[PDB]
Every structure is written in structure tokens, then in C-alpha cells.
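**Q** this one's sequence-less:
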């Protein structure tokens, strides 16, 4: 029921960067195998513990690395996300789907726990926009979204048909202090804290009053563990559970920011392509199934986050 | 609006066999190219006009044949279906998904019309059981179903994002005098007419009051043409349309047969495997977006079909 030996694919992405460190501290530097397509100069991960080059689209090599460390858990983060997927759609289909089916076939063969993250991106324009149910209409118009729905279906098939322990969460916008603003769809809520301690002024690429689910990275990382290790028998859903901690418009963060940096200002430009995608997406999701089935918890509201972000961005040296 | 030159993948399928023979008569033996992985001598398709051997998963050969006959319409029937798909789910994923992305990328390059059939098997337990809407939940437990939902999403992405003319329908169970029965889930509704004319006992593998959507082959084929040629501007949905002619249960065909062969009798010894898949499917769909958007219609009720089937199977001579 608990993880001993863990393989993370996509370990140098936003989530992997901070997850591999957490699980190292909690499960042992020698029991967490971080893996990626390519090294990144001075990522913390790469210079501290066990690390293995892995292209998840090679079943053979993926299987080699599972067997080499006798893993009981695979946290399959490898994928192309929103921005990159739209530009490179066939590359996103190949990585996101051949990577996944490879991992599932490995987990089928080895009796692994298999965690795949999904996204708000797995919801369409007609998906209900307010307390979006767990089970509902999933017709997204992005290639990333299509891969996440295709994957939810496939991960549930490996459980229903072969008994593989597959599970996952639909992450909203994540906010972290370790990973720098990457001009992605939801990254407005990270860059705002940078431009607050750096100038006293932020230029939003996202229209005022536009509401979105968000979660602070520590909340999200705990989701992954709480769910991987949850008792099997109370799981009605598996791939994947809505989770959320907050919804907010750019103007609501500002008000949380200014409660600690009173001179703070919010201008509004409007990238119409990212607004488009934010408008695709629900305003708020219903975590109930998550709460009922494995006791999804969380610690940071918009205030608690805002305080901790401005501490952790000063310690790192921005002001 | 009109099909000039037509490539048909999977042309020796159930749909394939009778569709090529129909589009030959209608559009000319020299404007329809039948294609399949493997030949059969038995097939009427193979001794009547143009036939290319084609493995749809080879993008290069698929492109070669498309270009060779300057084709404006591709009808992508190539796929593994519900039963075979459960035996070898990986072959099914490769053929149904790499086949289809290949055809979509071709259609993107050659500005073609891309018609791809879905089915009822694209619907779950969660899926409303009576008058299932066009836009509902799609969480199938079959590999075939996972392929048909991944498929619809992909086909719509190719239209929303690159303006490819992608369109399809969700086929109920289909009945035919041409393509022999046995194997598939809904085939009881063909085999029965064979045993009705041999002796006058059918033993069914489906339990006494299980409603299922069904359709007589000619309604189905006419559906494909009507939808391919329909005008684009009143299409709100594309991939793929709910369509149906009739819901019914062993009970009700039996009694329809007795109007013509009164002596008839139905024993019952159910297959768990298949019965499940039926119970996992809607009892009746809602055709009402088809009708509004491209004037869908059928013309065989349960009785009109039972007449036609019984003539046609005794012409081929059976008793």
C-alpha cells in the first residue's frame, strides 16, 4: 500500500523538479530514480542522487530501468504540455500516448503502481464551468487535452481489464517558487510575485475577473503521495480525480499581494490566444469524489500562498 | 460537396464489402479504390474493379495510394472491432489510432474529405441508457471504445485546428445478408435469420429483454454518403453523429420472424463476456442532431428488415 522504490519519468518538468526532492527526503536518496530525455545544466535533481536518461517512447529501455532498481511505483510525468504541444502536435501525441502505453504495459508486467497526471485541459468549452463534476463532458480542442482524455480512458482500461493499479489527478494551474515563470497559460500567477518584489508593478496577459483553478506546488505534491498510497477499496474513480485549492481572477491575487506590498499595481494587457484557452477552461472544479474516496486535503489558500511566495522569492534574492 | 474520387480503407470489412459495391454503381468502378491489409477470394469486392493492398499504419504507402488516384474523399474503415480488439488490445490500439493519425495527416496535406466511423461502443455505464444525447459522457471499458473516443476527439481536432473536413457517425449493431455472422457482439441479430431458415430454432447468447440500437446495412451505407455530401455550414457536430433505426431485444425480432415463419422458437444460453459489453451500452440513442444537421433518415423498421433478410438469405439458398 506504501511506496518503497519509485521511478519518476519526466523528473525535470515543473512537478518532477520539486517531487523528486520531496520523495528523496521521505523515501531515501537511494530508492528514488529520477529519469528524463535530456539533462539540464544545473537542475538540483541531476546533481544529488540516482538519475537515468530515459526516452519513455522506447519500451525496451523504459523496461530496463524499471527492472534495474526493482521499482514498485512509476510516477509517469513525461509529456509535452499546452504551449509546446500546440506547436508540435504529432510529437505531443507520440510522447504523451506511446510514452503512456509503454509505461502501462510495463506496470501490467511488473505489478507496479502507475500514477499519470491529467489536467483541467481534459475539459471542453461546454464542460460545465462552475463546480465542474468529476464525471462530465470531456471534448477539448487542444492536442494536449486530447492526449489527457485518451490517457484517462487508457489508464482506466488497464485497471478494469488487467488489474493494474492506475490512478491520477487533474492538476489545475500550479504555482511554485523553485521553477521560473515560463510564459505558459496559467503562469501569470507565478510571474506576478516576481514583478512585485522586482518592480512594484505587474502587466497581466490575462483579462481582469477571469477565474481559474490554482494550487500551490506543496499541496499538489502531497495530492500525488496521498492518492498513490490511499486504500484501494474506497476508490470509485481512478483516472483522474479533480483537485483544487482555490479559484481567482488576477485582481483577487493583487489584493492578497497588496495586503503585504501596499504600493502594488495591476495593469491589463490581453494575449488573446491564452485568454482563449483560459476561457476554454472551467472557473472551478468539484474535488468531492477526491475528498470522499482518498481524503484529498490541502493547506494553502490565496493568502497563505501569497505570504510564503514573497518570503521564498526573497531568500532566493529578487528584491 | 460531392464525392468524385474515393479511397476506402478496410473495404473488406462488414461495412466495407457492401459500401465499395454501392459507391462503384453510384460513382463509377474507376473512381473507387478498395484497400485492405489482406485479400479474400470469397469477397465480391476483389473481382469487380480497382483493389490496392494497403497497411494503413505505413504513412508512406497510405500517401502513395492517395496520390496515385488523385483522391478527394478517404473513407477510413480500417480498424480492429469490439471482439478481436479485446483478444489483442495492443494490435487494436496501433491499427485504429496510428491508422487514423496517418489518414488525418494525409487529409491535412491533400485537402481531402475524411470520414471515419465510430460506434455505440464509444459509450460507458455512466452513459445515459435511453435517448443518449449527442454531447454526453464517454468512458468506455473496451479497448475498441477507447480507440473510438480518442478517434472522435482527434478527428474534431483536425477540423477545429487545421480545417480538415472530418465527419463520422456512431454505428449501432448492423445486419447484413452479404457478410456472414458469428464473432462480433451484436451478430445474434444476423445469425438468427440463418437458423430461422435452416431448422427454426435459434439459441441466443444474449438475455431475453436486452434492448440494443440496430440498423439494416442499407440505412447505414446511405448514412455515410448522405453525411459525407451534406452541406458543411449547418454541421455543429462532426465526429461522430448518433444515428439509429430501431432498438430491440431477442423477444421482439423472434416475434417479427414468426409473422413470416410462425414455427420459430428462441432458446437462451448467454455469454457473460459479450452480454456485459451489451449491458455497458445504451439501449437507445438520440438521432435528433443528425436529422437537424444533415437530414439523417432511415427507411427499414424491424418488420421491413425481417421481410428483406428472409427473402435474400433463401435466394443465396439455405433450407
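**A** Here it is on my side, so go on. Numbers count the residues shown, from 1 in each chain, chains lettered A, B, ... in the order given.
**Q** which residues of the stretch 151-300 of chain A lie near chain B?
**A** Contact residues, the stretch 151-300 of chain A versus chain B (Cβ under 8 Å from any Cβ of the partner chain): A:153-154, A:156-157, A:160-161. The way it works is simple: take the backbone N, C-alpha and C, and place the C-beta from them, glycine included.
**Q** next up, the contacts around residue A:247.
**A** Residue A:247 makes contact with A:211-214, A:283-284, according to Cβ atoms under 8 Å, 6 or more residues apart in numbering or on different chains.
**Q** make JSON lines out of these and add distance to residue B:166 and secondary structure.
**A** As requested, those are exported to JSON lines (distance: Cβ to Cβ, whole Å; DSSP: H, G, I helix; E, B strand; the rest coil):
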{"residue": "A:211", "distance to residue B:166": "33", "secondary structure": "coil"}
{"residue": "A:212", "distance to residue B:166": "30", "secondary structure": "coil"}
{"residue": "A:213", "distance to residue B:166": "31", "secondary structure": "strand"}
{"residue": "A:214", "distance to residue B:166": "34", "secondary structure": "strand"}
{"residue": "A:283", "distance to residue B:166": "30", "secondary structure": "coil"}
{"residue": "A:284", "distance to residue B:166": "32", "secondary structure": "coil"}
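**Q** can you turn the buried part of the residues of the stretch 151-300 of chain A next to chain B into a PyMOL selection?
**A** The following PyMOL line selects those of those that are buried, judged by 16 or more other Cβ atoms under 10 Å in any protein chain shown:
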select buried, chain A and resi 153+154+156+157
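**Q** among the residues of the stretch 151-300 of chain A next to chain B, which are in helices?
**A** If you go by DSSP state H, these have A:153-154, A:156-157, A:160-161 in helices.
**Q** out of these, flag the one nearest to residue B:123.
**A** Closest approach between these and residue B:123, by Cβ to Cβ: residue A:153, at 12.1 Å.
**Q** show me where chain A has strands.
**A** In chain A, the strands defined using DSSP state E lie at A:6-9, A:32-36, A:50-53, A:73-76, A:113-115, A:118-119, A:165-167, A:169-171, A:173-175, A:201-204, A:213-216, A:241-242, A:246-247, A:265-268.
**Q** can you give the contact residues for the first one?
**A** When contacts are defined by Cβ under 8 Å, 6+ apart, strand A:6-9 is touched by residues A:16, A:19-20, A:23, A:27, A:31-36, A:54, A:56, A:62, A:65-66, A:69, A:71-78, A:99, A:103.
**Q** quick revisit: now, which of the ones in helices among the residues of the stretch 151-300 of chain A next to chain B sits nearest residue B:237?
**A** Using Cβ to Cβ, residue A:153 comes nearest to residue B:237 of these, at 19.9 Å.
**Q** for that closest one, what are its contacts?
**A** A:239, B:139-140, B:145-146, B:149-150.
**Q** of those, just the buried ones, PyMOL syntax please.
**A** Per 16+ other Cβ under 10 Å, the buried members of the contacts of residue A:153 correspond to this PyMOL selection:
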select buried, (chain A and resi 239) or (chain B and resi 139+140+145+146+149+150)
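**Q** so which of the contacts of residue A:153 comes closest to residue B:202?
**A** Nearest to residue B:202 among these, counting by Cβ to Cβ, is residue B:145 at 27.4 Å.
**Q** correct me, but residue A:240 touches residue A:156?
**A** No. With contacts counted by Cβ atoms under 8 Å, residue A:240 stays clear of residue A:156, the gap being 9.1 Å.
**Q** centroid-nearest residue for chain A?
**A** residue A:171 (4.9 Å; Cα atoms, centre = their mean).
**Q** who touches that residue in this structure?
**A** A:15, A:117-120, A:215, A:220, A:243.
**Q** need these in JSON lines (columns: neighbour count).
**A** Formatted as JSON lines, these follow (neighbours: other Cβ atoms under 10 Å in any protein chain shown):
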{"residue": "A:15", "neighbour count": "21"}
{"residue": "A:117", "neighbour count": "22"}
{"residue": "A:118", "neighbour count": "23"}
{"residue": "A:119", "neighbour count": "25"}
{"residue": "A:120", "neighbour count": "27"}
{"residue": "A:215", "neighbour count": "23"}
{"residue": "A:220", "neighbour count": "25"}
{"residue": "A:243", "neighbour count": "24"}
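**Q** can you tell me the closest non-neighbouring residue to the residue of chain A most remote from its centre?
**A** Largest separation from the mean C-alpha position in chain A: residue A:263, at 32.6 Å (Cα atoms, centre = their mean). Among residues not flanking residue A:263 along the chain, residue A:200 sits closest, at 4.8 Å (Cβ to Cβ, 6 or more residues apart in numbering or on different chains).
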